[PDB]
Amino acid sequence: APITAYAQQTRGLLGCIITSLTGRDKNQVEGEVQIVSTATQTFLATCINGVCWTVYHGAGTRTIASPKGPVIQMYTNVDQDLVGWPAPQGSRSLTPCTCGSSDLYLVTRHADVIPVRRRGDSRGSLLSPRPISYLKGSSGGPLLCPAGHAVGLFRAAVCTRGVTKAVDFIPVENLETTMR
Amino acid sequence: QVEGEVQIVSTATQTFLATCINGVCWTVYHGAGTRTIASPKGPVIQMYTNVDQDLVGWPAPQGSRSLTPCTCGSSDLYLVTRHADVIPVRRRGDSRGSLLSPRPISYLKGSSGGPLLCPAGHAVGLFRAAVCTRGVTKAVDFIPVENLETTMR
Amino acid sequence: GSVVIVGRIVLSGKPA
Amino acid sequence: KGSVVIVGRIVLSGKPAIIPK
Ligand SMILES: *C(=O)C1([C@@H]2[C@@H](NC(=O)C3CC3)CCN2C(=O)[C@@H](NC(=O)NC2CCCC2)C(C)C)CCC1
Ligand SMILES: [Zn+2]
Ligand SMILES: [Zn+2]
């Protein structure tokens with residue numbers, strides 16, 4: 001029905017660092033979008049089709065911490081700026097959109113849903129523009145169509161005087177492509 | 001800590017809903033009247049009384065959070081009832097929308113004041129009243145969120 | 001009499 | 001080089017609920 005989201009924090013700075021190094025994450029996993037961090041940075045990773053995806057410009061070739069030690073990427077496509085690990089035990093996966101709608105909804109790291117109008121294959125504009133600091137940490141977040149299906153992954157922002165009006169995204173089809 | 005955007009409210013006789021939008025807890029004049037809302041510091045007076053639009057608002061209470069006004073102009077709405085059921089409503093005009101799937105009158109009883117959400121879960125309006133044909137509700141009247149926005153100036 | 005708040009609804013389903 | 005770490009999650013599939021007392 002309507003898209004609504006909530007955030008829960010599962011680790012603090014100290015625990016994250018230890019975990020980054022041990023590469024062992026024992027915590028249970030839930031939800032469709034994971035909030036992820038490195039040493040320098042935080043972003044989002046979306047689970048689509050059993051795979052947890054995010055942007056390359058954040059994850060690099062990095063492994064993901066898991067209950068069984070580090071886990072290696074399953075897909076790495078530098079040109080697409082896409083990376084994927086097998087989706088954690090207990091996450092849930094988004095369905096790729098097939099309605100071709102132009103009314104998009106970006107899900108931010110603060111668990112807000114913001115309207116976005118499609119204007120191309122890989123670009124959309126914010127109906128209510130926002131401060132760039134608000135979108136900070138949201139790269140990798142999903143863009144849903146009105147049925148809550150994944151249309152794409154937020155990749156980059158077009159900002160002007162610190163205010164963001166459009167967002168570039170990796171479209172789901174590029175995921176499927178990357179999957180072959 | 002978990003905050004609610006929708007409050008289930010009562011007067012001595014009736015029981016209905018209130019929705020928090022922009023820091024104001026809004027509901028229907030036909031349920032609240034000019035009443036004050038309770039608080040642990042004693043009664044709190046309405047910030048807004050708009051008899052014309054069937055609208056009333058107090059400051060958002062504690063344990064509450066605000067909904068964002070819809071800005072996507074969509075027509076696929078969702079009504080939330082006091083039982084937390086969600087029912088799709090297709091928007092007809094400014095203040096009216098029709099159920100996609102009609103329900104007995106009582107299924108909506110006590111839900112006025114509740115929100116009508118767009119696909120983003122942003123607030124499109126407050127459910128104002130059930131439009132009935134012999135015990136069956138097939139549509140709804142609502143206060144458009146813009147009325148609330150303008151009432152604020 | 002006052003309007004009293006009898007319960008709350010979280011639209012996101014967020015648990016305790 | 002460090003592993004990427006899950007530090008939190010966003011849940012899309014929760015639906016409206018009455019807050020338990
Ligand atoms: C993604 O969060 C974000 C990014 C941010 N990278 C990250 O937060 C983590 C993934 C590592 C860097 C700031 N940023 C941008 O998108 C900037 N834009 C950019 O590099 N843009 C080009 C593509 C189109 C126009 C130029 C931008 C200056 C905010 C998305 C918003 C936060
Ligand atoms: Zn779709
Ligand atoms: Zn909307």
# chains A, B, ... in the order shown; residues from 1 in each chain; ligands from 1
$ interface_residues --of "chain D" --to "chain C" --cutoff "12 Å" --atoms "only C-alpha atoms" --output "PyMOL selection string"
chain D and resi 9-21
$ write_last_selection --atoms "C-alpha atoms" --output "PDB file, in the first residue's frame"
ATOM      1  CA  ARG D   9      18.746  -0.771   8.932  1.00  0.00           C
ATOM      2  CA  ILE D  10      15.741   0.758   7.265  1.00  0.00           C
ATOM      3  CA  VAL D  11      12.508  -1.347   7.295  1.00  0.00           C
ATOM      4  CA  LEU D  12      10.008  -0.797   4.442  1.00  0.00           C
ATOM      5  CA  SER D  13       7.676  -3.669   5.043  1.00  0.00           C
ATOM      6  CA  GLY D  14       6.372  -2.668   8.443  1.00  0.00           C
ATOM      7  CA  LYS D  15       2.755  -1.495   8.243  1.00  0.00           C
ATOM      8  CA  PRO D  16       0.663   0.893  10.430  1.00  0.00           C
ATOM      9  CA  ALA D  17       0.270  -0.331  13.954  1.00  0.00           C
ATOM     10  CA  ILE D  18      -1.243   0.648  17.225  1.00  0.00           C
ATOM     11  CA  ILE D  19       1.632   1.265  19.669  1.00  0.00           C
ATOM     12  CA  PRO D  20       1.459  -1.520  22.358  1.00  0.00           C
ATOM     13  CA  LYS D  21       1.142  -0.391  26.005  1.00  0.00           C
TER      14      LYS D  21
END
$ residues_near_ligand --ligand "ligand 2" --cutoff "10 Å" --atoms "only C-alpha atoms and all ligand atoms" --output "compact mmCIF listing (two decimals) with N, CA, C and O atoms, in the first residue's frame"
# COMPACT_ATOMS: atom_id res chain seq x y z
N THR A 95 11.49 -6.05 -4.81
CA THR A 95 11.11 -6.61 -6.11
C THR A 95 11.46 -5.57 -7.15
O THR A 95 11.14 -4.41 -6.95
N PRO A 96 12.08 -5.94 -8.26
CA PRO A 96 12.31 -4.96 -9.31
C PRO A 96 10.97 -4.52 -9.88
O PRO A 96 10.04 -5.32 -9.97
N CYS A 97 10.89 -3.22 -10.16
CA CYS A 97 9.70 -2.57 -10.73
C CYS A 97 9.49 -3.00 -12.14
O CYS A 97 10.43 -3.04 -12.95
N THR A 98 8.24 -3.26 -12.47
CA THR A 98 7.92 -3.57 -13.88
C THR A 98 6.77 -2.69 -14.46
O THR A 98 6.39 -2.91 -15.61
N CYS A 99 6.24 -1.73 -13.69
CA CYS A 99 5.13 -0.86 -14.12
C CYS A 99 5.64 0.37 -14.94
O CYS A 99 4.85 1.22 -15.41
N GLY A 100 6.95 0.47 -15.12
CA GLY A 100 7.48 1.64 -15.80
C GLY A 100 6.97 3.02 -15.34
O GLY A 100 7.13 3.96 -16.09
N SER A 101 6.39 3.17 -14.14
CA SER A 101 5.95 4.49 -13.61
C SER A 101 7.07 5.57 -13.57
O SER A 101 8.27 5.25 -13.54
N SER A 102 6.67 6.83 -13.55
CA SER A 102 7.61 7.92 -13.59
C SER A 102 7.59 8.65 -12.26
O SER A 102 8.35 9.63 -12.06
N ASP A 103 6.73 8.16 -11.36
CA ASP A 103 6.62 8.70 -10.03
C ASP A 103 7.41 7.85 -9.07
O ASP A 103 6.98 6.74 -8.69
N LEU A 104 8.57 8.38 -8.71
CA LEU A 104 9.55 7.67 -7.91
C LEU A 104 9.56 8.14 -6.45
O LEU A 104 9.08 9.22 -6.13
N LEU A 144 11.81 3.70 -5.22
CA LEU A 144 10.65 2.87 -5.42
C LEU A 144 9.60 3.54 -6.31
O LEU A 144 9.48 4.75 -6.35
N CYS A 145 8.86 2.72 -7.04
CA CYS A 145 7.72 3.19 -7.82
C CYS A 145 6.56 3.16 -6.84
O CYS A 145 6.70 2.68 -5.71
N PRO A 146 5.39 3.60 -7.27
CA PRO A 146 4.23 3.65 -6.37
C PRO A 146 3.83 2.31 -5.81
O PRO A 146 3.10 2.34 -4.84
N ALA A 147 4.31 1.19 -6.32
CA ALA A 147 3.92 -0.07 -5.72
C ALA A 147 5.01 -0.56 -4.74
O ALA A 147 4.95 -1.69 -4.23
N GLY A 148 6.04 0.26 -4.50
CA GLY A 148 7.15 -0.11 -3.64
C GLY A 148 8.13 -1.04 -4.30
O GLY A 148 8.80 -1.82 -3.63
N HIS A 149 8.25 -0.98 -5.60
CA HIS A 149 9.20 -1.89 -6.26
C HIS A 149 10.45 -1.10 -6.62
O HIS A 149 10.42 0.12 -6.74
N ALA A 150 11.56 -1.78 -6.73
CA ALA A 150 12.80 -1.03 -6.88
C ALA A 150 12.96 -0.60 -8.32
O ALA A 150 12.95 -1.43 -9.24
N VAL A 151 13.10 0.70 -8.52
CA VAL A 151 13.33 1.26 -9.83
C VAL A 151 14.83 1.52 -9.98
O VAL A 151 15.41 1.36 -11.03
$ residues_near_ligand --ligand "ligand 1" --cutoff "8 Å" --atoms "only C-alpha atoms and all ligand atoms" --output "list in words"
residues 41, 42, 43, 55, 56, 57, 58, 59, 132, 133, 135, 136, 137, 138, 139, 140, 154, 155, 156, 157, 158, 159, 164, 167 and 168 of chain A
$ residues_around --residues "stretch 32-43 of chain B" --least-positions-apart "2" --cutoff "12 Å" --atoms "only C-alpha atoms" --output "NGL selection string"
(:B and (7 or 9-18 or 25-30 or 45-51 or 54-63 or 112-113)) or (:C and (1-6))
$ residues_near_ligand --ligand "ligand 3" --cutoff "6 Å" --atoms "only C-alpha atoms and all ligand atoms" --output "VMD selection string"
chain B and resid 70 to 74 118 120 122
$ write_last_selection --atoms "N, CA and C atoms" --output "PDB file, in the first residue's frame"
ATOM      1  N   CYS B  70       1.837  15.831   1.636  1.00  0.00           N
ATOM      2  CA  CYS B  70       2.121  15.311   0.298  1.00  0.00           C
ATOM      3  C   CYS B  70       2.459  16.411  -0.695  1.00  0.00           C
ATOM      4  N   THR B  71       3.449  16.160  -1.536  1.00  0.00           N
ATOM      5  CA  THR B  71       3.720  17.127  -2.569  1.00  0.00           C
ATOM      6  C   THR B  71       3.794  16.436  -3.920  1.00  0.00           C
ATOM      7  N   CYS B  72       3.391  15.173  -4.025  1.00  0.00           N
ATOM      8  CA  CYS B  72       3.577  14.495  -5.328  1.00  0.00           C
ATOM      9  C   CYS B  72       2.313  14.538  -6.209  1.00  0.00           C
ATOM     10  N   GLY B  73       1.290  15.251  -5.735  1.00  0.00           N
ATOM     11  CA  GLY B  73       0.015  15.314  -6.407  1.00  0.00           C
ATOM     12  C   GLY B  73      -0.589  13.969  -6.808  1.00  0.00           C
ATOM     13  N   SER B  74      -0.168  12.832  -6.266  1.00  0.00           N
ATOM     14  CA  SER B  74      -0.776  11.562  -6.662  1.00  0.00           C
ATOM     15  C   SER B  74      -2.271  11.425  -6.265  1.00  0.00           C
ATOM     16  N   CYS B 118      -0.690   9.558   0.679  1.00  0.00           N
ATOM     17  CA  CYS B 118      -0.307   9.231  -0.695  1.00  0.00           C
ATOM     18  C   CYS B 118       0.637   8.016  -0.729  1.00  0.00           C
ATOM     19  N   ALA B 120       3.742   7.861  -0.978  1.00  0.00           N
ATOM     20  CA  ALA B 120       4.913   8.136  -0.126  1.00  0.00           C
ATOM     21  C   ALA B 120       4.624   8.073   1.375  1.00  0.00           C
ATOM     22  N   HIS B 122       3.058  10.382   2.715  1.00  0.00           N
ATOM     23  CA  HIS B 122       2.863  11.805   3.052  1.00  0.00           C
ATOM     24  C   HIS B 122       1.357  12.128   3.174  1.00  0.00           C
TER      25      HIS B 122
END
